[PDB]
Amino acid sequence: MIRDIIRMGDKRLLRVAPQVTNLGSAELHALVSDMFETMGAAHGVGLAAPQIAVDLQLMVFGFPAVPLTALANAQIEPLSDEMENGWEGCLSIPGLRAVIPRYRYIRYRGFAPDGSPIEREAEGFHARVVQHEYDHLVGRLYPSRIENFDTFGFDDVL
């Protein structure tokens, strides 16, 4: 079932989401299913549970190919100090883009929907997507990370 994506300005995007505690459940599987569907319909490369007003530490992503992944209770460690700029837009902020600095190299850990542990090293785009979806789980959006405001503008214009 495709879900309504909520837009910036909604308080539910500013929460810090609790953990998933129903790994392996039919409810979690249905919810993840919906997230993949909602992501594909909206043409995103990532989607975070709060964007559909589900207050859960949960994200999906996949697209430099990134594997199709569902990740619960994500935690993230930078593997170095190196930052990299790249373009981002948020489906909660349709039409806009900015250049965002992110870690070039990360580790991420959590759980696949069935309970399998996931741990991966990621770089570049793969790392960016995960850092972006992570920010949602802690009530953080990309505009508060913009350093150069000349780069912030509408996609069709920029």
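Numbering starts at 1 and follows the sequence shown.
Unmodelled residues of the deposited sequence between neighbouring positions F63 and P64 number 4 to 9. Look at the mean CA B-factor for 88-96 and for 37-45 in the entry; the higher one is 88-96. Look at the mean CA B-factor for 64-72 and for 123-131 in the entry; the higher one is 64-72. As recorded in the entry, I118 carries the highest CA temperature factor of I52, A30, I118, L58. When all modelled residues of the chain are sorted by CA temperature factor, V16 is found within the middle third. Ranked by Cα temperature factor within the chain, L23 sits in the lowest third according to the deposited record. In the PDB entry, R109 places in the middle third of its chain by CA B-factor. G9 sits in the highest third of its chain by CA B factor, as recorded in the PDB entry.
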